[PDB]
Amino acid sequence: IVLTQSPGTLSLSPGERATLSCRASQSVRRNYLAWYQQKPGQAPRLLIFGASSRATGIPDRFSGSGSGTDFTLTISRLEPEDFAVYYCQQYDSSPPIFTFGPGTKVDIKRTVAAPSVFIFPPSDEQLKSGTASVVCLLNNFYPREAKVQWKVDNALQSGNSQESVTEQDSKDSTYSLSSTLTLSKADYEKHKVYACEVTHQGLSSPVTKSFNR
């Protein structure tokens, strides 16, 4: 009744094989497990149903097999049109359950691109409007796995930062992140050091971009 998907992100190059696994907590009746592919900005599209039966319009490269608690979705040769997010779903009849898995994102493999970090202090016009927002930018990085931690005066900030990540670019196959730390104009004047700690694979050591006053 609870579906778990592994891995969480599949970094593969076009033309390679892909294997996505879906482990259940119990046994699926009549092997009623389906695999879906959801493209960015689009609705999910059914790929395989019944754990091993393909639907209408699905290519033969997508192959499915599974039983009980272990299920798997395989792609013989990865094409650019197959890079998306895949989900597994268990369905039952009495009673209707219909539960989904977390989700696995298959992206285009590329060289380990370090994130170019840039910190933007808030504009004086914003401070004149009674608000304050500092921005941290991570441009062109791979893998997407990146940790952006806001640290105001060596104090970790959680819940005050809202981040957004771009989709993998169709030509560079990289990602970008924007982190906004919003504090009240009064709370801003109290502190001095504002830092954005970035943890990534391309960075041999953590890189922190900061601004005083």
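A residue's number is simply how far along the shown sequence it sits, counting from 1.
Undergrad: Averaging CA B factors per stretch from the PDB record, which one is higher: 185-193 or 13-21?
TA: Comparing 185-193 with 13-21, the higher average CA B-factor belongs to 185-193.
Undergrad: Tell me which stretch has the larger mean Cα B-factor in this entry, 81-89 or 118-126.
TA: Mean CA B-factor is higher for 118-126.
Undergrad: Per the PDB entry, which option out of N139, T131, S76, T111 has the greatest Cα B factor?
TA: Each of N139, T131, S76, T111 was compared by C-alpha B-factor; the highest is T131.
Undergrad: What third of the chain does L47 rank in for C-alpha temperature factor, lowest, middle or highest?
TA: Within its chain, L47 is a middle-third residue by C-alpha B-factor, going by the deposited values.
Undergrad: Relative to the other modelled residues in the chain, which third contains the C-alpha temperature factor of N212: lowest, middle or highest?
TA: Highest third.
Undergrad: Looking at the temperature factor on the CA atom of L177, which third of the chain's modelled residues does it land in?
TA: Lowest third, going by the recorded CA B-factors of the chain.
Undergrad: Ranked by Cα temperature factor within the chain, is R144 in the lowest third, the middle third or the highest third?
TA: As the PDB entry reports it, the C-alpha B-factor of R144 lands in the lowest third of its chain.
Undergrad: Could you say whether, by C-alpha temperature factor, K39 belongs to the lowest, middle or highest third of its chain?
TA: Lowest third - that is where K39 ends up once the chain's C-alpha B-factors are sorted.
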